[PDB]
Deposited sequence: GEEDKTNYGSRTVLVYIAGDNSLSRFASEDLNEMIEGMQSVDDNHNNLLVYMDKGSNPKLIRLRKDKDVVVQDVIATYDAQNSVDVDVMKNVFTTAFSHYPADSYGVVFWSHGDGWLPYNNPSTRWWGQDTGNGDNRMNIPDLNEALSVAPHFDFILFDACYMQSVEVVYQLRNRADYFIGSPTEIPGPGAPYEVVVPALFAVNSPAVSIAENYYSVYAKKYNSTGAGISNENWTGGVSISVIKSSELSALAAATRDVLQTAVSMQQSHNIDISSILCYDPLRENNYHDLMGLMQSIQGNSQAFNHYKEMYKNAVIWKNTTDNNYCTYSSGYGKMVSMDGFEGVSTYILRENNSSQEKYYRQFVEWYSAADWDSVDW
């Protein structure tokens, strides 16, 4: 046993494949401040060829990649694949506490029909639906934290759907930079004895905050000057948030949008409630419950966002409260029909 086992799960058989090895090199540098006697950093790495599950171990001042298991080319967002990875990882390395990092593409709660989080383009375009992710997580231990190193995952719908899987969720409600986490300082925070979720957030944010330029001048995949936005949700507080939401309900251009250059699927949850609320008592209580659930947040004044074309620009994060939501537009669309049927948040927060 160790004190903690953290699995970094890299579904990188997709456009992001070029970032994976670099993050691995960062992770290896981060193990220098970590005592591997009690702490297990595991990495499942799929860049397209033959995936591997390793553990990083220190000899002296050198970190060595011990191979736990190797795999044929496989769909890393298939439920039984992820389950097998999980079962193996946490069986070989039990611990007193557990963490996990989901590294891939992401698009919140949105439905995707396989021939959502994570993409594998190895044999067709495969993506994981959040109910499928919740099923895979069911064979896993309960986590102290989940870090989504993936776009748009800090959604109240996603976190509520997965609330029984972890104590804390770390992510961005908007797009996450290509380079993702600075794992040279996030890795020791993954094993912080006190408040790892906050530690992870502070260390993640701080590197991007320091090379931030307001116009994203000189931004590149090798040098991200476009900033970042991050928050931490405490899952044990979501039920009260849902209950506080229902009470508010008993009484769009102006709400901050996290994908303003694309489909406008994502808006700031607090911004939504401020504009819908018809009673200060109900609302001032909602803000308290909101404060209890969203315990950490920070953003640079702008973030870089992209159009569907792939091009992009800096967008103002004015109004940022750290969590996104879907605003029902009543349009009979397929994603709303899915929302009203399979997103628990819809019935939990009483969106009637």
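In sequence order, the deposited residues that have no C-alpha coordinates form the ranges 1 to 7, 123 to 125, 262 to 272, 374 to 377.
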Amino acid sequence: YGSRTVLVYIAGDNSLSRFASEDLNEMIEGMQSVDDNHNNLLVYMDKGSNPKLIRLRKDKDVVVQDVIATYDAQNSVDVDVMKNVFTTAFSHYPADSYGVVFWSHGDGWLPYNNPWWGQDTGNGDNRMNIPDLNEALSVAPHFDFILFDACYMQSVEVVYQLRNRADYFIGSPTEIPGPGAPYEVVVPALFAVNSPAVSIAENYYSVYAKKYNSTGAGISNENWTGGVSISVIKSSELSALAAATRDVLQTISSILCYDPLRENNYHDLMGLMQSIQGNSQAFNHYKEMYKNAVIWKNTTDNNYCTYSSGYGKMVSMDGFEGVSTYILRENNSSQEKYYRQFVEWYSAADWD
From here on, numbers count along this sequence of modelled residues.
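The question of which stretch, 84 to 92 or 168 to 176, has the higher mean Cα B factor is settled in favour of 84 to 92. A summary of the deposited B-factors shows that, of 40 to 48 and 59 to 67, the stretch with the larger mean C-alpha value is 59 to 67.
Highest C-alpha temperature factor among 279, 236, 264, 231, as the PDB entry reports it: 279.
Going by the entry's values, 253 shows the largest Cα B-factor out of 129, 194, 253, 155. Ranked within its chain, residue 210 lands in the highest third, by CA B factor from the PDB record. Residue 162 sits in the lowest third of its chain by CA B factor, as recorded in the PDB entry.
When the CA B factors of the chain's modelled residues are split into thirds, the value for residue 242 lands in the middle one. Residue 35: CA B factor in the highest third of modelled residues in this chain (values from the PDB entry). Sort the chain's modelled residues by C-alpha temperature factor and residue 259 lands in the lowest third, per the entry.
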